[PDB]
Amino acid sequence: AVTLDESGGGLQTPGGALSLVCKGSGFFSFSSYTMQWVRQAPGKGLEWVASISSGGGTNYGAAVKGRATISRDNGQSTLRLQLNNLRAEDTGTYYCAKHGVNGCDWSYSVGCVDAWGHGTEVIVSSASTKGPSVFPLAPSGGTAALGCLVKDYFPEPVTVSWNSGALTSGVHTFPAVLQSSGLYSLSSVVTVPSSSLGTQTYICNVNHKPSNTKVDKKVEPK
């Protein structure tokens, strides 16, 4: 089975250009598969971006024609997307996709895709990166709830673990919300036994790769 690994995303300036790469692995005759790019804006559905047939036939979605160039290098099993004159509608996660061996009616069809990449986040924004502030949500009748508020960061995503991954049961990390300030806020909570509050240390491990920030916040009752 194939592996699709995308790179090239991140924060981009409006009007600038984007260069995505997808390094395929485990292919047998990569040269004979239709390869595609599909994007998904935040909170929206999937949207077809571009396709390249086994014979080089390129086709582009209406929202990107004239700005995008999809290409492939059969010797290295790579697929590339170049997208210039970036705008806010171009923000989203971009996925590398592949059609089955038998292919289908049209190279640009999206009902034959049998393999997807992990995706890469693309953020077309003139705002700058900001690491988060981590505040405890201190437990104040059998089961207790504690957590931590990950406040005012940009851009997405943030990752929250508890006790360096040793605590997973009962954890609820909420989806981030975009505030009026243009920054994100997320809360991560965990339900534990009230009896454990004195004997067990609870720490939330917040990692924000865009700003290279790592915060370990101990959550204790006040």
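From 1 onward, residues are counted along the sequence shown.
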item: Gap size, residue 141 back to residue 140 (deposited sequence, no coordinates); value: 4 to 9
item: Stretch exceeding the other in mean C-alpha B-factor - 96-104, 78-86; value: 78-86
item: Stretch with the greater mean C-alpha B-factor as recorded in the entry, comparing 149-157 against 191-199; value: 191-199
item: B-factor third for the C-alpha atom of residue 4 within its chain; value: lowest
item: Among modelled residues of the same chain, the CA temperature factor third for residue 57; value: middle
item: B-factor third for the C-alpha atom of residue 166 within its chain; value: highest
item: Cα B factor band for residue 175 (lowest, middle or highest third within the chain); value: lowest
item: Third of chain Cα B-factors occupied by residue 45; value: lowest
